[PDB]
Amino acid sequence: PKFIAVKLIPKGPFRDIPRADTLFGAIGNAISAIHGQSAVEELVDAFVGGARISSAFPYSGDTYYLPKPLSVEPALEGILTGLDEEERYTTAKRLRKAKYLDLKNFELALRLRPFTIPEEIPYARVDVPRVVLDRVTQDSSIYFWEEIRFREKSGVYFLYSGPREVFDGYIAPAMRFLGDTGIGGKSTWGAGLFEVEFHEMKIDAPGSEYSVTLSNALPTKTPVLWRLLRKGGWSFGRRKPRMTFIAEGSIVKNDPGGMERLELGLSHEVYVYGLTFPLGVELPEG
Amino acid sequence: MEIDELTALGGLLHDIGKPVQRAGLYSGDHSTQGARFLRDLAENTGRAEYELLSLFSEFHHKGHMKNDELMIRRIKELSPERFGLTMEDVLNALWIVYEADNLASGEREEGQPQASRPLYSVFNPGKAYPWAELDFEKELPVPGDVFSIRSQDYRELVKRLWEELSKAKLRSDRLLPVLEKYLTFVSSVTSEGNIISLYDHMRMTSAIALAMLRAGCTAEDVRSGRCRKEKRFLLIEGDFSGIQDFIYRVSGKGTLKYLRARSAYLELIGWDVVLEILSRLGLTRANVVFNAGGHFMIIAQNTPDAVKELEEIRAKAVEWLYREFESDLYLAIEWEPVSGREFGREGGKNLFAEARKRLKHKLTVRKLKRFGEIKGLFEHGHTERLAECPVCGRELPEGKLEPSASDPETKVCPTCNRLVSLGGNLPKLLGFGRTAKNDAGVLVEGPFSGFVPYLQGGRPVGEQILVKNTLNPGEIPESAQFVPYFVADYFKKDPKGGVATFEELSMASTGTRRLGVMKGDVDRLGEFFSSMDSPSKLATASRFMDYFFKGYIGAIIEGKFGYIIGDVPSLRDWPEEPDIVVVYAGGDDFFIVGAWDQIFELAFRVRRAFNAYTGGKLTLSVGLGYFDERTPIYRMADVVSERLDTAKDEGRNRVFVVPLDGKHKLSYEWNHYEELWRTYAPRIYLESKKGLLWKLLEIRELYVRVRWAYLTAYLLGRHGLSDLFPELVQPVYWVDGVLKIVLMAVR
Amino acid sequence: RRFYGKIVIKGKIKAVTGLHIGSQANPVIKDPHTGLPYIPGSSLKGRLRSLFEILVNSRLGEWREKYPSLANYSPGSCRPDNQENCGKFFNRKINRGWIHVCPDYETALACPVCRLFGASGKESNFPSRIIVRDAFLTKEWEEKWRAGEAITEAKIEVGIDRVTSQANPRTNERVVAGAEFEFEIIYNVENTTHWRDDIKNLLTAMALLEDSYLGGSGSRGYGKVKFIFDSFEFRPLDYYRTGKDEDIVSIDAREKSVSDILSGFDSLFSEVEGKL
RNA sequence: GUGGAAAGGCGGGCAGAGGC
RNA sequence: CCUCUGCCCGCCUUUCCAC
Ligand SMILES: [Zn+2]
Ligand SMILES: [Zn+2]
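Thresholds, definitions, all that
Position numbers follow the written sequence of each chain, starting from 1, instead of the entry's numbering, which may differ; residues with no coordinates are not represented. A letter from A marks each chain and a number from 1 marks each ligand, given out in the order of writing. Chains on display form part of a larger assembly; values are given for the displayed part and nothing beyond it. Based on all heavy atoms of the structure, the side-chain values leave hydrogens and waters out of the count. Residues with missing side-chain atoms are left out of burial classes, side-chain pairs and their counts. Secondary structure counts use DSSP, requiring at least four H or I residues in a row for a helix and at least two E residues in a row for a strand, with both numbered from the N terminus. In this setup the radius of gyration rests on C-alpha atoms only. A globule is expected at 2.2 Å times the number of residues raised to 0.38. Because no water is among the atoms considered, metal sites can look incomplete, with donors defined as N, O and S atoms within 2.8 Å of the metal, or 3.2 Å for Na, K and Ca. Between 85 and 135 degrees for all angles marks four donors as tetrahedral; over 155 degrees for opposite donors together with 65 to 115 for all other angles marks four donors as square planar and six as octahedral; every other arrangement is irregular. In this analysis, two residues are considered to be in contact whenever any of their non-hydrogen atoms come within 4.5 Å of each other. In short, buried area is how much 1.4 Å probe accessible area vanishes from two parts on joining, totalled over both. Salt bridge, as applied in this entry: a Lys or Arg side-chain nitrogen positioned within 4 Å of an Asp or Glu carboxyl oxygen. Residues are labelled near a given molecule or strand when at least one of their non-hydrogen atoms is within 4 Å of it. For this analysis, a polar contact is any N or O atom pair within 3.5 Å, provided that within protein one partner can donate a hydrogen and the other can accept it, and provided that sequence-adjacent residues contribute only side-chain to side-chain pairs. Under the scheme applied, nonpolar residues are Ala, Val, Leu, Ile, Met, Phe, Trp, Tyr, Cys and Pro; charged residues are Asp, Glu, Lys and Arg; polar residues are all the others, including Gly. Surface patches are drawn from residues lacking salt bridges whose relative accessible area is over 30%; two like charges belong together within 9 Å, two nonpolar side chains (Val, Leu, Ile, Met, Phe, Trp, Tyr) within 5 Å. Surface accessibility follows the Shrake-Rupley procedure with a 1.4 Å probe radius. Residue values consider only the protein chains on display as shielding. Here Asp and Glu are counted as negative and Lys and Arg as positive; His is not counted, and neither are the chain ends. Charged side chains are reduced to one point each, which is NZ for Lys, CZ for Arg, CG for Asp and CD for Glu. For each residue, the accessible area found with a 1.4 Å probe, counting protein chains only, is set against the maximum for its type, and the residue is called buried under 20%, exposed over 50%, and partly exposed in between. Any two of the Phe, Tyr and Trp rings considered here, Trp counted by its six-membered ring, make a pair once their centres fall within 6.5 Å; the pair's planes then place it as stacked at under 30 degrees, edge-to-face at over 60, or tilted in between. Counting as a charge over the ring demands two things of the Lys NZ or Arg CZ atom: a distance within 6 Å of the ring centre and an angle within 35 degrees of the ring normal. Note on pairing: DSSP must find at least two bridges between two strands before they are called paired. UniProt positions are given in the numbering used here, feature names are shortened, and annotations may be inferred rather than shown by experiment.

- Method of determination, as annotated in the archive: cryo-EM, at 3.1 Å resolution.

Written out as structure tokens, the structure is:
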């Protein structure tokens, strides 16, 4: 299909790569700011009925990365039958610890065809020392903060499929508030800030019954092949409960995801984004 | 005496008498001598069952086990009713133990009337072993050259075996260690290149024998070739996922005694599951082919009652591992119904490795689907009042967090006040008694049982008593079950009775004070175990790799056998009582921490000894780390696991120690670093001339960015150091290892 | 929460003497890819917050009417009595150091300090209103690093016994004096009554930093940073709603912090006062 | 309706002692 | 251009979560 690839060109560190529940949590806090409570609910209802956003993935200078489907994890031996038994062990493990794939290789992995993995990851995770100093005597109480530091021309992007009147109405305004307000924690040290660009991405896919996801779904039925995510964030200073999300690349079968709502003792209510982002995928016999 | 305890003990005493022929002390064929050796043992200090068990080494050679006549006369002559045994069931048990021997090693392993030979090593069939004990003390049985074992050395083997078998109880858990300690380095069949131990051929004959009995196969079902070719066996195989995120994801509040108790509690989770498969299926610990760092394989029977019990064990273990640990650790158990003919090579294709890769795929497809038997895994039921442990991160419902024994102003989860108390008892702890979950003294809980600590001055309680690092059932009640299990456990003590701290180790490193962290594992191990084509040959190749990492690593930290190690990069001479803590030592990998100084020399004292422990045909790969003492674990280990992975996907034989193109690589190879250290280090180990050294690293760091050549040339010249570094005026890239270490050895 | 607009201040931080903001032969912090030095946003925000809490602490009497909840503190540190929220101004023990952080949203709305830099306390907390970005090098000084010049130095300092004249020298790395940086500070207009005050207080604390030091040694000479503004643009709530470049720009390419704090506060921000 | 909110890597320290 | 010096000492996370 043809998606909308919202690039986020960073202006500093980030705290972590944004997952798709912290992108919808940020949009719901932007659209509550520039419009109000009576437009947050029309935002959720366009995702409940219609549109889908994904998680965010790194880019590095026109190479776009996408998560490896777990569909190629079993078949890998039957994938690689043009190799000898000295590198069918050493291709086979690097193609299994691999986390991301190019846009070209990802279109091959859905077809169950051979691929290569990225040589170089476009970001680094580092711990930067921070010291609290007493105003009267400058006593130091050092602590360590870990943030994502990007390369020169790398950044992060998420995808969006849905109607265009949602995109210009609720997402492209919110991703300009979020450019100057940041995404994630420590946004007052300049962390989750960015510029923003918009593009037209096309991803080829097969047609089948099963579909990868590119977002943390909160599935009603059990999926085909999954990988647990056990996160629960924060919401106006209250701790969310933890929720079993499924990581990107998990194969579901005709599952629409679902939004869970919570109460948390706020004047309004809290919708945890858990909708899936389907791409069709060709599986082996199980 | 029942029949299940007879078939288990008949196969375990079936190729007994193979040692006493090499000693040469009865009429020279083992199908009579082991008959004589057992009924002699039945006479003096003799149970009356040792006479009956010599119907198994007697009818061995199938010319004596021929045409159903000669047995029935003699088996009539005894008193088999005095044990309850029927005239037929005893006969039905000789055929099973006879069928089991052929599958195990097969009938192709059967040799002719050969002489005495050394057991060829399973890692290298050209070299061979001497004979020794399984001490784990003061002997590294490296494969030496072929030397025939002398015929009186077996008479020292038999005479100790006489006295040990006379004392030991007649039961499978009491004869497995006796035959292990003595008959490990004795070859099963004498031939050219034999790599199967005799204990492994007896450990595995009593496994396939009892899995034939529980399967229900009868003697005429063996006599007709019918218990073979039918899917009657069941390779249970189990595995853990997320061992790394379980042991090492602790905050900065968890001390080393806690981490050392996380590793010793993933063991008991692993031995609780295996010892519930063995007990509810009637099997013995001869069936456990290996149990090595979470990954264990068991041989069982294929009945619709066994598979019905495994699916409750896999149910109750995974539901346990989810209430306790919110999807950090999962247990994948699968089983493949194998036939009898798949226990060995047939035609030209290996049917055993082909039937074990069909089981590695059931497991591979299961670690994807991580908790698909909970039925509320994705049900977001909203539990309230969820606090959160500081040390590990666990949601805990409705408060209920015990005050920490360290600082009662902080509230930890209950299962870390256990692992502090357990982590404090690790000096004294001689094992664990495994018993019912609601009982006095139980610290930790497994999925099935509850584990008391059997301390030193204290009576053991429990049905089964696990004993760390000895094959001697010393002070156990005569009714309990003895499970020996080995653990790599070298901790430097403090002057208290306890395990030394991240501080207290690193305050004894000469130089700058760092916490050295090494993590490494055997290169390409799974392709070693696929040429093992019989279940006696896989059980051999799996113990010897496990014994290296359990018991021949604590020998290395002692510094024993520097003959076979030699001269290694040593900042100081290796002390008498090193300050090294062995956190986790797995069958194919290990995670050791200690001073930066001595964890450096140990990482070359390990590669050099492993290379000789094999014949050379298996190599290591190490990550090494230098850290501040007060660094958290999850940051430290995630670095070094990556820094081990860095020194692996390059070329997989590379030590890590301390240009954006793609033609360089960060990790030194082994001989490369040991040849850089032979030259560059004995010349500079220049009194307080560190500006010669520290600028030379900055001269080096223009080369990454041939301006460096004359800059070094004036610098080596404006002091007068011409002998030092002649080829330094790419060798400027590979001197960063030796400089940056020796600089740390001098403040 | 009543968002109105965001005021963005862009200017160049300039190192008149050699800046040093360490890491732990004593490295200033660096980008892990380019390797060029930078000034953090934690380290510039907190040096402005520090110098301004010392500023308010001296004035807990004059400011009781313009700022409510400043009558609950008496000037000092609550270090002597190991209880937080006692009657002193520095009242939150972070680890070992005592910082003014207001206890409660309805008091931190009335402090001059915690309204701008934010505060944390049970029963909710006040998020900061500023975002101090990291200050990387300008492109003129990348292209001196590309050109092959130096961009940090290694300075050698010694300590000396005063009786025996025995010397035991140590070396600090510090960024070469002259290096131009590029900062950005994004205020958040959450209320329209106090936006002038929060900008006059943010420029007060930037004027203290031009006679104090940023980072490192400073008492021995490592600070001496200079602020050089370029342009202040106020982004209205409607601008985000549409993405049309329709926002007030106060242009001052060559002005100090004392030439903008009171000299042009009502002459330059008069168009920002109009649109609210 | 954001794994969030608040949190200066700093305090002190003559590259100097003799040597036409 | 020769002779001693060539980093010390510290904090190394604190606190918030409405049944
Ligand atoms: Zn805990
Ligand atoms: Zn305040």
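**Topic: the overall build of chain B**
Thought 1: Helix and strand counts for chain B stand at 24 helices and 17 strands.
Thought 2: Against the globule reference of 27 Å for 747 residues, chain B gives a C-alpha radius of gyration of 29 Å, in line with a compact fold.

**Re the coordination of the zinc ion (ligand 2)**
Thought 1: Ligation of the zinc ion (ligand 2) by protein atoms is provided by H100(C) (NE2), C102(C) (SG), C111(C) (SG) and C114(C) (SG), these donors lying 2.2 to 2.4 Å from the ion.
Thought 2: In this structure, the zinc ion (ligand 2) is surrounded by 4 donor atoms whose angles at the metal cover 90 to 147°, and the resulting shape is irregular.

**Section: the interface of chain B and chain A**
Thought 1: Listed per partner, the contact involves 27 residues of chain B and 29 residues of chain A.
Thought 2: Here chain B packs against chain A, burying approximately 2,700 Å² in sum over the two surfaces, 53% of which is carbon and sulfur.
Thought 3: In terms of surface lost to chain A, no three residues of chain B exceed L368(B), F378(B) and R635(B), which account for 27% of the buried area on that side.
Thought 4: Remark: the boundary between chain B and chain A carries 7 salt bridges.
Thought 5: A salt bridge links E395(B) to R239(A); the nearest nitrogen and oxygen atoms lie 3.2 Å apart.

**Some details on the protein's contact with RNA strand D**
Thought 1: Lining the immediate environment of RNA strand D, one finds 74 residues, of which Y143(A), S120(C), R162(C), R170(C) and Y213(C) sit closest.
Thought 2: Sugar and phosphate atoms form 53% of the subset of RNA strand D atoms that lie within 4 Å of the protein.
Thought 3: Within the side chain of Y213(C), a nitrogen or oxygen atom sits 2.3 Å from a phosphate oxygen of RNA strand D.
Thought 4: Where the surface near RNA strand D is concerned, the elements lending two or more residues are helix 1 (20-34), helix 2 (37-49), strand 7 (123-133), strand 8 (140-150), strand 13 (234-235) and strand 18 (270-272) of chain A together with helix 1 (42-57) and strand 7 (152-157) of chain C.
Thought 5: Considered class by class, the residues forming the surface near RNA strand D number 24 nonpolar, 34 polar and 16 charged.

**Comments concerning a positive patch on the surface**
All names here are of chain B.
Thought 1: Together, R226, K229, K231, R341 and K349 make up a positively charged patch on the protein surface.
Thought 2: If you trace the backbone, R226 turns up in the loop between helix 10 (219-223) and strand 1 (233-241).
Thought 3: Judged by relative accessible area, which is 43%, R226 ranks as partly exposed.

**Things to note about the packing of aromatic side chains**
Thought 1: Under the defined criterion, the tally for this structure stands at 67 aromatic pairs over all chains.
Thought 2: Ring geometry for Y265(B) and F325(B): centres 6.5 Å apart, planes at 70°, overall edge-to-face. Taken together, the residues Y265(B) in helix 12 (residues 256-277) and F325(B) in the loop between helix 13 (306-323) and strand 4 (330-338) connect sequence positions 60 residues apart. Across the pair, exposure class does not vary: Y265(B) and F325(B) are buried alike.
Thought 3: Three or more aromatic residues joined by ring pairs make a cluster, and in this case those are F123(B), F136(B), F486(B), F528(B), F529(B), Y547(B), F548(B), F549(B), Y552(B), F590(B), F610(B) and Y613(B).
Thought 4: Over the aromatic face of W145(A) sits the side chain of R15(A), whose NZ or CZ is 3.9 Å from the ring centroid.
Thought 5: Its guanidinium or amino end placed over the ring of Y213(C), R47(C) lies 4.7 Å from that ring's centre, counting from NZ or CZ.

**Topic: the pairing of strand 3 (residues 295-301) of chain B**
Remark: a regular strand shows side chains that alternate across the two faces of the sheet.
Residue and element names in this part refer to chain B.
Thought 1: Burial analysis of strand 3 places 6 of its 7 residues in the buried class, which makes it a mostly covered element.
Thought 2: Alignment of strand 1 against strand 3, held across 6 bridges, turns out to be antiparallel. Following the sheet pairing, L235 is matched in strand 3 by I299.
Thought 3: Bridging between strand 2 (residues 288-292) and strand 3 involves 4 bridges; their strand directions are antiparallel.

**Notes on the UniProt feature "binding site: Zn(2+)" (unreviewed entry) in chain C**
All names here are of chain C.
Thought 1: Annotation from UniProt places "binding site: Zn(2+)" (unreviewed entry) at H100, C102, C111 and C114.
Thought 2: Among the secondary structure elements, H100 is positioned in the loop between strand 5 (98-99) and helix 2 (105-108).
Thought 3: When residues no more than four places from it in sequence are discounted, the contact partners of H100 are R49, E53, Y73, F89, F90, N91, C111, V113 and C114.
Thought 4: Mapping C102 onto the fold places it in the loop between strand 5 and helix 2.
Thought 5: For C102, the residues in contact, after removing those within four places along its chain, are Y73, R92, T107, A108, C111, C114, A119 and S120.

**Structural notes on the arrangement of the chains**
Thought 1: The interface with the most contacts, out of 2 pairs of chains in contact, is the one formed by chains A and C.
Thought 2: When C-alpha atoms are compared, chain B and chain C, though not in contact, are closest at a spacing of 9 Å.

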